[PDB]
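Student: PDB entry and its sequence, pasted below:
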Amino acid sequence: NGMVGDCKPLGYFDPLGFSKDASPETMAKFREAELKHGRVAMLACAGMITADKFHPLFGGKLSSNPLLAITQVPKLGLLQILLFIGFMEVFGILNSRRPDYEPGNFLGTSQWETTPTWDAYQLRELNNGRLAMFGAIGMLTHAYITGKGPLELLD
Amino acid sequence: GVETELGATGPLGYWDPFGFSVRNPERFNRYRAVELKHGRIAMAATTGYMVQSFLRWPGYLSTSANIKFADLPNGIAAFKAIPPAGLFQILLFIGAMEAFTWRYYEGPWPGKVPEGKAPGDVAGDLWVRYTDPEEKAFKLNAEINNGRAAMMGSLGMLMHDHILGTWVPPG
Amino acid sequence: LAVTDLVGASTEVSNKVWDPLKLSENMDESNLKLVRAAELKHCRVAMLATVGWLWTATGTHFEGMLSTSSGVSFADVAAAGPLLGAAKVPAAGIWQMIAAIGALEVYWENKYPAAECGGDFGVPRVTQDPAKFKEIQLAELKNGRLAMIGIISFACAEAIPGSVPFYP
Amino acid sequence: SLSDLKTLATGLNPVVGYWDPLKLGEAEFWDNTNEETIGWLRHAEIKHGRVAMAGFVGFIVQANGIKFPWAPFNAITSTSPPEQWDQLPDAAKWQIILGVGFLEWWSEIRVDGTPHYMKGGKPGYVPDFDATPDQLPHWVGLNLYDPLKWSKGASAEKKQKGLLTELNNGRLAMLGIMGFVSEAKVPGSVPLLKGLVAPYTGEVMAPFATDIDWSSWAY
Amino acid sequence: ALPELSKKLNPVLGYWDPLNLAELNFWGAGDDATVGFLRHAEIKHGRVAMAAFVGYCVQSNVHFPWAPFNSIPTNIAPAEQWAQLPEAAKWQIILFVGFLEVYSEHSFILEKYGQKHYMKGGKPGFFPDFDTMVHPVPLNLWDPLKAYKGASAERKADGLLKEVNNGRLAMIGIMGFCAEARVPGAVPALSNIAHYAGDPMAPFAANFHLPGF
Ligand code: CLA
Ligand SMILES: CCCCCC(=O)OC\C(C=C=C1C(C)(C)C[C@H](OC(C)=O)C[C@@]1(C)O)=C/C=C/C(C)=C/C=C/C=C(C)/C=C/C=C(\C)C(=O)C[C@@]12O[C@]1(C)C[C@@H](O)CC2(C)C
Ligand SMILES: CC(=O)O[C@H]1CC(C)(C)C(=C=C/C(C)=C/C=C/C(C)=C/C=C/C=C(C)/C=C/C=C(\C)C(=O)C[C@@]23O[C@]2(C)C[C@@H](O)CC3(C)C)[C@](C)(O)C1
Ligand SMILES: CC(=O)O[C@H]1CC(C)(C)C(=C=C/C(C)=C/C=C/C(C)=C/C=C/C=C(C)/C=C/C=C(\C)C(=O)C[C@@]23O[C@]2(C)C[C@@H](O)CC3(C)C)[C@](C)(O)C1
Ligand code: KC2
Ligand code: KC2
Ligand code: KC2
Ligand code: KC2
Ligand SMILES: CC1=C(C#C/C(C)=C/C=C/C(C)=C/C=C/C=C(C)/C=C/C=C(C)/C=C/[C@@]23O[C@]2(C)C[C@@H](O)CC3(C)C)C(C)(C)C[C@H](O)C1
């Protein structure tokens, strides 16, 4: 309770009742994990969709297959991506350590006068994150099975 | 009396050119039962024609006679081509529903509508019952009106298929 | 709602709520109604799917062209089979079907929400006696449970050879 | 109860006491208490004994040449009963297995108002169809146990003696039927039946067509 | 009722229901309904078997000398004669017996005559007169000429007992005839007449084969 993840098609969806008889610490951990998965999956789905048919970097001929492309990427690029993500994650940890801390709010929304519009847009973020969570796993599975990218699989 | 009953709607409102219920309002319930009966049979007939146009059942109609469902035409020729045993079973089923399952009339020879019932309330307990009075009246009016349009249409299809052999007239 | 309150406790399991894994022990009223709505939607879709599979497998199909542009006939789709016929259907037709079903589901979710109304979209009622209506609800759930099992059995029987022996 | 089991051990054999060297009587299964575990073990014993008692007579009546003179059975000419099962149609095989499955289903559902055997119920009890006519799919009519009602009205002492006889004869019929199939598969395993059960080179614990015997370890 | 009736039929044996069929609750209709249905079934079978015995004995030696019966031989099995009969005649005979049966089953009619259905206090085998029928009905099934309509009450039950025993005997007799007919030597000392090879429980085997078989 106190969150904004509930929606119309499923209501307050918790069949197995993880949040039931759970601490606010565990609830905040769950919502942080949910939003992180949603955001990373948005990035993944958009990356596969765009890089399938438009990949000018790295000579313009790296494989459109998502699973082959990351192996083709040089080691330094992977190291830099890991460094960037870790540098975001240390700030995530510090935001968790802060006294005021909503789970996924790096923006510090609590200091401003927010309303149901802000709640609805947080719900939009969360719903798109759920859809992208399913989408990214689907795309990777199809890439492993067929060896084609998303848009080439659709072709 | 009769001017405000289910059916006194539409462009005509109450419509008695040859004054049937005006002369004999007591017979209005019998007439309503007959109208519902003919309307329902015609809805079934019109849907049967329209759906036999494009969809036909699979398998043989009668394996002994080597008559297949697709071999039959769409019209009176199909009922002609059904084997005699099929026609007898059809009559038996229709008679069973007419006499026992859905009894439109109570008794004697000149059958009256059942006492504790509507003119054409033939279904048993397991049937859709509307409890909203407005919706009940509206949908009973829809029933009788669709029945009327269906019998006009079904007479049209029957005459067209008698003249030509196809219920669809050219045009 | 306690799970014992909902209709579905079958005679085939001694008139007790059947939860081997205790999935609904930690479930709320809204969540339980949502899960029942999902159960009933699956039941109804599986019933219709079983009838459609029987029709197309026995060869029932319309007389015409499903698409003049692609030259795909109802006979062409049906002759391939219940499973490969779906692949042979034009993609645009599949999208029309999905769009219509989605429009109806959006409208019925807005008018009759799953959480507030558990698989009760407000269609007319065949009986008003509570005992009879509970019996019809139980009959619906049983028929649709068997329909889910049947349609999945048909799919695996046709996909993998000889999975189901009595698959007609 | 374990004490009740010890009491029944005297009834089944006064000399042989509660002979349970593996101590499965004291075990607890599926997080259930010892009473429920004993209910399961007793029902398993009685059901095995029942099937073995109906299987010994079947093996004799089939190997001796008596056979149903109708189509699917008169199509089976072989005499070795395992070979007869292997030669049955798969439809007949499944229609036996699932028929017995329905009977097991009915044996498990308790709607007549008695506990299930792992909940204080009587082990080895099949509910009667006639007890609850509303709870049945159409109308079965004749009960699986005592269909023609010859044992109706028997005294509880006679019924309990019948239970003791059931368990003992069941225990012995286990070894009887498994001795038959032992001779059928591994010759020279039950000495007295030498030359009375034909050899069988398939697999008596595979109802449908397979060719994976215990060939790696045999004889 | 069955114990006292059985002792009346044969007091030495008394009661022999070895399979406890009276005890079995037929269609969950109650033991009283089981008794009524079983008694009516025994009487129906006995009447039809008695008639079938006489008819078999007659048909093995005599036929009607007008068509279509004159064309049938008598030196064949009577079951073979039935098999040869035209399909329409078979259906019409079966439909007539169906009329007699459904008239016997009609509750309103035998209630008019003062009886109930055989499994609810209806005395087994009270067939009704065709008075509720619409157009003229010159004669009836039982007492067609009204000869013994004013019979004696004790005679009216002695006749029931004799009917039951004679029906039992005719059941075994007609079935012995069918046994020797379809299986030569089935009934020893009977193997003298007719050895047709076909199922007598196939009314229209000669006409059509039902699908699925
Ligand atoms: C792993 C990501 C993840 C996480 C951590 C959460 C967390 C949360 N969700 Mg959930 N949610 C997710 C994904 C996730 N969600 C997805 C993808 C959907 C779309 C179906 C939803 C839909 C959804 C709704 C509609 C609602 C929530 C709500 C909630 C919150 C309360 C319920 C709870 O205790 O959940 C705890 C969740 C977990 C402990 C995660 C367990 C994951 C298991 C182990 C995996 C199951 C999936 C299976 C293995 C594979 C699926 C198929 C395929 C991908 C292979 C909580 C913050 C409710 C809320 O916010 O109310 C205010 C709410 O209303 N979620
Ligand atoms: C299980 C048994 C069910 C039986 C009843 C049934 O299924 O009811 C179903 C039902 C309603 C319902 C219910 C449900 C809610 C669905 C189910 C519930 O059921 C239960 C049991 O609870 C309750 C119930 C029955 O209320 C509705 C049925 C509706 C139906 C069948 C309606 C036909 C109109 C046709 C017309 C107007 C034709 C005009 C025809 C015309 C004007 C023409 O002929 C014109 C034309 O052709 C011509 C002449 C030549 C052509 O060239 C051109 C055209 C084409 C222009
Ligand atoms: C043992 C083995 O190995 O194999 C076996 C088992 C195995 C595998 C399971 C097999 C299977 C499949 C099986 C048994 C499948 C069973 C399927 C099943 C039980 C299918 C029900 C459908 C119900 C329908 C279509 C209802 C529609 C209802 C309609 C059209 C309505 O709209 C009704 C309604 O309009 C009314 C009248 C008015 C209102 O009141 C309400 C509404 C509007 C809703 C095998 C292979 O066959 C045989
Ligand atoms: C071979 C061996 O070793 O053994 C056996 C084997 C086997 C096969 C069993 C054999 C046989 C067959 C047998 C013995 C068959 C027996 C058949 C039998 C017993 C057939 C009864 C018919 C009765 C009728 C038609 C009654 C009409 C009665 C009518 C029309 C009435 O008027 C009724 C009546 O009530 C009124 C209304 C008025 C009252 O005043 C009294 C009367 C009665 C007048 C064998 C070959 O023979 C020997
Ligand atoms: C996570 C996001 C991200 C950020 C925020 C970020 C920031 C910066 C900044 C500071 C603003 C500098 C100054 C810088 C410089 C270089 N980046 Mg870099 N970078 C990111 C991602 C990647 C990836 C994926 C790759 C990459 C590369 C290079 C090369 C090329 C070297 C070469 O010519 O070989 C050079 C010089 C590529 C590489 O290392 O290729 C072997 C490569 O694949 N970067 N990058
Ligand atoms: C829920 C199912 C469903 C509904 C309710 C529905 C309703 C309507 C309506 C009214 C609202 C119109 C006006 C309309 C019109 C067209 N439909 Mg459509 N349709 C459904 C299903 C399919 C399928 C399966 C196919 C299909 C098609 C076409 C074509 C093109 C034909 C062609 O180009 O040859 C046209 C013009 C075919 C197609 O596009 O094939 C490439 C095709 O296969 N439809 N359809
Ligand atoms: C093929 C299988 C089979 C065989 C070969 C077999 C042999 C013997 C023998 C051996 C000579 C005896 C002496 C015996 C005796 C009793 N059997 Mg038994 N029986 C078989 C099957 C079943 C089933 C299914 C049931 C059953 C029962 C009883 C009862 C009831 C007691 C009571 O009602 O208290 C008694 C007295 C019913 C029950 O309740 O058993 C607890 C029951 O359901 N039996 N049974
Ligand atoms: C194939 C036809 C047929 C045969 C071969 C046959 C032979 C015998 C014989 C054996 C030689 C005797 C001695 C005998 C005697 C009685 N028969 Mg009988 N009977 C046949 C047919 C019917 C029918 C349709 C009815 C009937 C009846 C009576 C009654 C009345 C009792 C009463 O009303 O008190 C008595 C006494 C009526 C009834 O209800 O009997 C239950 C009745 O309706 N029978 N019946
Ligand atoms: C053409 C021709 C020939 C011919 C011919 C002949 C004689 C043809 C005759 C054709 C004829 C007689 C055609 C009638 C149609 C009537 C219709 C469609 C009415 C529908 C009416 C309906 C559906 C009414 C519905 C309503 O009641 C509802 C349901 C509720 C009310 O609220 C509202 C109303 C009242 C509206 C020859 C001689 C054979 C050869 C020659 O060479 C060519």
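Tutor: Received the coordinates, thanks. Numbering: from 1, shown residues only, chains lettered A, B, ... in the order given. Ligands and ions are numbered 1, 2, ... in the order given.
Student: In chain A, which residue sits closest to chain E?
Tutor: Here chain A gets closest to chain E at one residue, residue A:15, 42.6 Å apart by CB to the nearest CB. Every residue, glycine included, has its C-beta placed from N, CA and C.
Student: Do I have it right that that residue meets residue C:28?
Tutor: No - between residue A:15 and residue C:28 there is no contact under CB atoms under 8 Å: 9.1 Å.
Student: Got the phi and psi for residue C:72?
Tutor: phi -100, psi 120 (degrees, to the nearest 10).
Student: Can you name the residues that contact the closest residue in space to it that isn't next to it in sequence?
Tutor: Leaving aside its chain neighbours, residue C:72 sits nearest to residue C:66 (5.0 Å; criterion: CB to CB, 6 or more residues apart in numbering or on different chains). Contact partners of residue C:66, counting by CB atoms under 8 Å, 6 or more residues apart in numbering or on different chains, are C:72-74, C:77, C:89-90, C:93.
Student: Of these, which belong to helices?
Tutor: Secondary structure from DSSP state H places C:74, C:77, C:93 of the contacts of residue C:66 in helices.
Student: Residue C:55: what's its closest spatial neighbour, skipping adjacent residues?
Tutor: Nearest one to residue C:55, counting by CB to CB, 6+ apart, is residue C:61 at 7.7 Å.
Student: ok, the one you found to chain E distance?
Tutor: Plainly put, residue C:61 is 23 Å away from chain E if you go by CB to the nearest CB, to the nearest Å.
Student: May I have the beta-bridge partners of that residue?
Tutor: residue B:56 (DSSP bridges).
Student: How about the contacts made by residue 146?
Tutor: I'll assume chain A. By CB under 8 Å, 6+ apart, the contact list for residue A:146 reads residue A:153.
Student: That was the other one, I meant chain D.
Tutor: residue D:152.
Student: next one: the one 4 residues further on
Tutor: Contacts were defined as CB under 8 Å, 6+ apart; by that measure residue D:150 touches residue E:20.
Student: And for the one 4 residues further on?
Tutor: For residue D:154, the residues meeting the contact criterion (CB under 8 Å, 6+ apart) are residue D:162.
Student: Was I right to think residue D:139 contacts residue E:24?
Tutor: No - using CB under 8 Å, residue D:139 makes no contact with residue E:24, being 11.9 Å away.
Student: Name the nearest residue to residue D:62, ignoring sequence neighbours.
Tutor: residue D:81 (4.5 Å).
Student: Tell me the spacing between the one you found and chain E.
Tutor: 29 Å.
Student: do residue B:57 as well
Tutor: Taken as CB to the nearest CB, the span from residue B:57 to chain E is 15 Å.
Student: Near that residue, how many other residues are there?
Tutor: When neighbours are counted by other CB atoms under 10 Å in any protein chain shown, residue B:57 registers 15.
Student: Could you find the closest non-adjacent residue to it?
Tutor: The shortest distance from residue B:57 to any non-neighbouring residue, by CB to CB, 6+ apart, is to residue B:69 (4.3 Å).
Student: tell me the contacts of that neighbour?
Tutor: For residue B:69, the contacting residues are B:56-61, by CB under 8 Å, 6+ apart.
Student: What of residue A:29?
Tutor: By CB under 8 Å, 6+ apart, the neighbours of residue A:29 are residue A:103.
Student: before we move on, which element is it in?
Tutor: Following DSSP states H and E, one finds residue A:29 within helix A:24-53.
Student: Could you check how far that helix is from the centre of its chain?
Tutor: The chain centre lies 1 Å from the centre of helix A:24-53; the measure is CA atoms, centre = their mean, to the nearest Å.
Student: Which strands or helices does whichever helix or strand comes after that helix pack on?
Tutor: Counting by DSSP H and E, the next helix or strand C-terminal to helix A:24-53 is helix A:66-72. With contacts taken as 3 or more CB pairs under 8 Å, 6 or more residues apart in numbering or on different chains; DSSP states H and E, helix A:66-72 sits against helix A:24-53, helix A:116-146.
Student: Go again with 7 Å.
Tutor: Under the contact criterion of 3 or more CB pairs under 7 Å, 6 or more residues apart in numbering or on different chains; DSSP states H and E, helix A:66-72 touches helix A:116-146.
Student: List the buried residues of the helix it packs on.
Tutor: By neighbour count on 16 or more other CB atoms under 10 Å in any protein chain shown, the buried set for helix A:116-146 is A:122-123, A:125-126, A:128-130, A:132-133, A:135-136, A:139, A:142-143.
Student: number of nearby residues for residue E:162?
Tutor: 11.
Student: and it, what does it touch?
Tutor: Listed by CB atoms under 7 Å, 6 or more residues apart in numbering or on different chains, the contact set of residue E:162 is empty.
Student: How about residue B:111, nearest residue that isn't a chain neighbour?
Tutor: residue B:105 (2.6 Å).
Student: wait, isn't that neighbour in contact with residue B:119?
Tutor: No - counting by CB atoms under 7 Å, residue B:119 is not a contact partner of residue B:105; they are 10.6 Å apart.
Student: Need the residues touching each of the two.
Tutor: Counting by CB under 7 Å, 6+ apart, the residues touching both residue B:105 and residue B:119 are residue B:113.
Student: Same drill for the two, tell me which one is more crowded.
Tutor: In terms of neighbours (other CB under 10 Å), residue B:119 is the more surrounded of residue B:105 and residue B:119; the figures are 23 against 17.
Student: Spatially nearest residue to that one, not counting backbone neighbours?
Tutor: Of all residues not flanking residue B:119 in the chain, residue B:32 sits nearest, at 3.7 Å (CB to CB, 6+ apart).
Student: which secondary structure element contains that neighbour?
Tutor: Element membership for residue B:32, per DSSP H and E: helix B:28-54.
Student: So which bits of that helix are buried?
Tutor: Those buried within helix B:28-54 under the rule 16+ other CB under 10 Å are B:28-37, B:39-40, B:42-43, B:45-46, B:49, B:52.
Student: Narrow the contacts of residue B:69 to those that are buried.
Tutor: Neighbour-count burial (16+ other CB under 10 Å) applied to those gives B:56, B:61.
Student: and the contacts of residue B:69, which two are the farthest apart?
Tutor: Among the contacts of residue B:69, the pair separated by the greatest distance (CB to CB) is B:56 and B:60, at 12.3 Å.
Student: Confirm that residue A:19 sits in a helix.
Tutor: No - applying DSSP: H, G, I helix; E, B strand; the rest coil, one finds residue A:19 to be coil, outside a helix.
Student: Next one: it from residue C:97, what distance?
Tutor: 37 Å (CB to CB, to the nearest Å).
Student: Neighbour count: these two, which is higher?
Tutor: A direct count of neighbours by other CB under 10 Å for residue A:19 and residue C:97 places residue A:19 higher, at 17 against 11.
Student: residue closest to the middle of chain C?
Tutor: With distances taken as CA atoms, centre = their mean, residue C:45 lies nearest the centre of chain C, 2.0 Å away.
Student: I misspoke; the intended subject was chain D.
Tutor: Most central in chain D (CA atoms, centre = their mean) works out to residue D:51, at 2.0 Å.
Student: cool, and chain E?
Tutor: Centroid-nearest residue in chain E, with CA atoms, centre = their mean: residue E:48, separated by 1.9 Å.
Student: Next, the buried residues of whichever strand or helix holds that one.
Tutor: Taking DSSP H and E as the definition, one finds residue E:48 inside helix E:31-59. For helix E:31-59, the neighbour count (16+ other CB under 10 Å) marks E:33-40, E:42-50, E:52-53, E:56, E:59 as buried.
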